[PDB]
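Here the structure comes first, spelled out in structure tokens, and everything after it is commentary.
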Amino acid sequence: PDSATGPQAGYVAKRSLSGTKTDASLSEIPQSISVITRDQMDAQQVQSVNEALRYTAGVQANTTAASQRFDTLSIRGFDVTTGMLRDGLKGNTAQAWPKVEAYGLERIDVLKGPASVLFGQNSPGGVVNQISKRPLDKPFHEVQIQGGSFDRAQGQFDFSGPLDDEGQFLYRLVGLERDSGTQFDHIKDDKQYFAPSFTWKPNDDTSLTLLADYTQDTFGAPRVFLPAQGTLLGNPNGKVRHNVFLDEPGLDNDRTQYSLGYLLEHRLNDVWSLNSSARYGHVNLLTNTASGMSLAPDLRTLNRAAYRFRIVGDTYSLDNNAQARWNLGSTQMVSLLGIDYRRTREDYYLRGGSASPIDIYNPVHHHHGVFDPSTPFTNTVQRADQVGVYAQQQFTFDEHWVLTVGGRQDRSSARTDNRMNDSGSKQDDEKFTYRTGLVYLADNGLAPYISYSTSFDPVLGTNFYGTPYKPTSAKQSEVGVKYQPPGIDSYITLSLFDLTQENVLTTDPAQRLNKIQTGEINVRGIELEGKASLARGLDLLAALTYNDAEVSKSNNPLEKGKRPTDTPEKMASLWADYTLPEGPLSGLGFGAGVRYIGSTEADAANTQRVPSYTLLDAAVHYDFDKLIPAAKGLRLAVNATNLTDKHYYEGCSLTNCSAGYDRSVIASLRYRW
């Protein structure tokens, strides 16, 4: 076997624990599941989780250029920031979200559709499962340095191997530091990251891995205001520089985070296995901003305001399970029972004040100008206790049919108290979730599945007549066929699905200051997606996505509601990398990819379209080895995003647009021994 976790060459992963909480071939999994191999992440020099999801079907990379604080992305229509996982553990509070330095990962698993079945509360979208780099059993050493666009300068390392002669002791030090500017003025893109790790494996029964890390980054403010009137729409004052800086320079916009955790598997015999994961995770986010409120009557002056807010959150996440592999018939059984705590605390506060308005065309900033961010606003400490019990059984009937069944009970509780006025408030929810799925594994490699699963996310806080909101729910059907070609290293997935979210907060007609749970979002789509690492070291990928989205202000099947904002009908993408294997220029390589994103709708009402766009990507790269043999192990790699520098809008409201990624270059020198 290949590992469901450990490293691998090629673009084509063959198995994952993400879809099933057990070691499973991709065809065995009754959902639709994607694995982004490390290698691919490198042949594209990707630099952030969100950026590496750009070539995945039914997944869309909504984090904007100007504000890079989070890996904000969307699976099958829904934002999945409550769907993020590191090593199968959530590490996120209501407001405290974490950002994982993509260098630190060994692969990304993406499970499309509702998965509360295994992971508890979650967005309808799916789970992004960020699998950490873990201590390797044979030495491996990598240093690389890079430069590139916007005065970029970055250094990093990755060291592994045994400490002893058995491989009873294994380490891994990983580190990266970066000083970069970004296509905009006075916006930095800085990181520092270090992650020690350690695997003690006495024998083959017990295997315990230790996982620490500290990540300190800087980025720009959030809610970058660029007006529509001037970009997408007309403005009588003329077009606006798509990349204008309209906040104030030199304000604190950063965050520390760190975590320590362990992963322990342990065999008991031939049938029983116990499993435990848990991690402490801190996140200390700070933002100072002078963000744009609105454009004054003259369509030229931006009124603004001062804000400071520190969000601090601490996570204790813990997941224990036990697994059994027997046979009653000549029919292989796989059983699974588990428990799943989380406890969180989040320490919030917001402070407001005034901000000199600034001009859209002639921006001007200066200090000794007004910025006073001290009026208390909100101020919180919010504790949660989450617990799930889950189980699931898989049946493999005489080596061909995989039937998969499972469910989860969940308790979610959330004690929020106002330091502003010395009141407490408490919310308490429960839901059963579940999944049914059948797969037939044909001999010719084809493998059709059907399945149904549910999902739920709480809605925190109290409505208007002072009653707590209800959790949102999601149900999904999927037919789909996955494929393994005769004997080539390749994987194609075709999936068709209908996915629906219920109790979506709509604005109440009776009381214009109230939200009622009347709303449906419905999304039916197709996702064709394939990867191959071919015969002679050419790699490949394609991902197509058609999505029918329909917002339903309230259940009425003679409606025909509208598309939601910023959601594409089509998104396709392609990529090939290629290293020359012999002959004169042995070691020289090229890489190209085309990414496509379709029209969106600006306004809830669907009267205003936001331009489609296609972007090209490129790479040359050279391994010295043949040329200077004494420099064996060295690598020059140059990569371009948006090669042709199309200046596009990421998304538009009717108020404002988002500046798309202008052409960016990363060049690097990498050395290995």
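Numbers and lists here come from the model and the stated rules, or from a named source; these are not laboratory values. Backbone-built Cβ (ideal geometry, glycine too); neighbour counts: all protein chains shown.
The range 63-172 holds strands (runs of 3 or more DSSP E) entirely within its bounds, and those carrying 3 or more residues that are outside the structural domain of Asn522 (by CATH) map to 84-86, 105-112, 126-132.
Restricting the range 486-501 to residues that are in a loop (DSSP other than H, G, I, E, B) and over 15 Å from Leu441 (Cα atoms), the residue that is nearest to the chain's Cα centre (by Cα) is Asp489.
Is it true that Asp204 is within 30 Å of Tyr280 (Cβ to Cβ) and either assigned by CATH to the domain that holds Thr5 or within 23 Å of the chain's Cα centre (by Cα) (or both)? Answer is no for this residue.
Given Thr81, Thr63, which one is in contact with a helix residue (DSSP H, G or I) (Cβ under 6 Å, 6 or more places away or on another chain) and polar (S, T, N, Q)? Write out each step before concluding.
Values: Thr81 fails: in contact with a helix residue (DSSP H, G or I) (Cβ under 6 Å, 6 or more places away or on another chain).
Exactly one of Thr81, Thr63 is in contact with a helix residue (DSSP H, G or I) (Cβ under 6 Å, 6 or more places away or on another chain) and polar (S, T, N, Q), namely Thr63.
A single member of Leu73, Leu105 is surrounded by fewer than 24 Cβ atoms within 10 Å (Cβ to Cβ), hydrophobic (A, V, I, L, M, F, W, C) and within 30 Å of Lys188 (Cβ to Cβ), and it is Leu105.
Across the range 177-224, the number of residues qualifying as surrounded by fewer than 17 Cβ atoms within 10 Å (Cβ to Cβ) and polar (S, T, N, Q) comes to 5. The set of residues from the range 561-606 being among the charged types (D, E, K, R), touching a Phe, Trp or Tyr at 6+ places or on another chain (Cβ under 8 Å), within 19 Å of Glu650 (Cα to Cα) and surrounded by 17 or more Cβ atoms within 10 Å (Cβ to Cβ) comprises just one member, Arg595.
Here's the yes/no breakdown for (1) surrounded by fewer than 19 Cβ atoms within 10 Å (Cβ to Cβ); (2) in contact with a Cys (Cβ under 8 Å, 6 or more places away or on another chain); (3) not small (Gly, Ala, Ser):
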| position | (1), (2), (3) |
| --- | --- |
| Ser123 | no, no, no |
| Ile131 | no, no, yes |
| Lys138 | yes, no, yes |
| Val143 | yes, no, yes |
| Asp151 | yes, no, yes |
| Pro162 | yes, no, yes |
| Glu166 | yes, no, yes |
| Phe169 | yes, no, yes |
| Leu173 | yes, no, yes |
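Criterion applied to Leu654, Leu669 was being in contact with a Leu (Cβ under 9 Å, 6 or more places away or on another chain), in the same structural domain as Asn243 (by CATH), farther than 29 Å from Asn606 by Cα and surrounded by fewer than 20 Cβ atoms within 10 Å (Cβ to Cβ), and the one residue passing it is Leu669.
Considering only the range 400-418, I want to know if a residue exists there that is out of contact with any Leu (no Cβ under 8 Å at 6 or more places or on another chain), assigned to a strand (DSSP E or B) and within 29 Å of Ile526 (Cβ to Cβ).
For the range 400-418, residues out of contact with any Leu (no Cβ under 8 Å at 6 or more places or on another chain), assigned to a strand (DSSP E or B) and within 29 Å of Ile526 (Cβ to Cβ): present.
Within the range 1-55, restricting attention to residues that are over 26 Å from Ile450 (Cβ atoms) and of a type in the set (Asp, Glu), the residue that is surrounded by the most Cβ atoms within 10 Å (Cβ to Cβ) is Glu51.
Would the range 433-442 turn up any residue that is in a loop (DSSP other than H, G, I, E, B) and closer than 20 Å to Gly19 by Cα? Checking the range 433-442: at least one residue is in a loop (DSSP other than H, G, I, E, B) and closer than 20 Å to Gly19 by Cα. Residues that are touching a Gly at 6+ places or on another chain (Cβ under 7 Å), charged (D, E, K, R) and more than 23 Å from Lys138 (Cβ to Cβ) occur at least once in the range 169-180.
Set side by side, the residues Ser451, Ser455 differ, and just one is within 30 Å of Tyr491 (Cα to Cα), small (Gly, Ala, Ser), touching an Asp or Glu at 6+ places or on another chain (Cβ under 8 Å) and buried (at least 17 other Cβ atoms within 10 Å of the Cβ), which is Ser451. Could you tell me which residue of the range 510-546 is surrounded by the fewest Cβ atoms within 10 Å (Cβ to Cβ), considering only residues that are of a type in the set (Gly, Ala, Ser) and assigned to a loop (DSSP other than H, G, I, E, B)? Across the range 510-546, the extreme among qualifying residues is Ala510. In the set (1) polar (S, T, N, Q); (2) farther than 30 Å from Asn269 by Cα; (3) exposed (fewer than 15 other Cβ atoms within 10 Å of the Cβ); (4) touching an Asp or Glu at 6+ places or on another chain (Cβ under 7 Å), the condition left unmet by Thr331 is number (2). Give me the residue from the range 250-288 that is aliphatic (A, V, I, L, M) and part of a strand (DSSP E or B) and, out of that set, farthest from the chain's Cα centre (by Cα). Filtering first and then ranking leaves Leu274. In the range 226-237, the count of residues that are touching a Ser or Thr at 6+ places or on another chain (Cβ under 8 Å), over 20 Å from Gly651 (Cα atoms) and buried (at least 21 other Cβ atoms within 10 Å of the Cβ) is zero. Taking the conditions (1) buried (at least 16 other Cβ atoms within 10 Å of the Cβ); (2) more than 30 Å from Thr93 (Cα to Cα) in turn, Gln382 satisfies each one other than (2).
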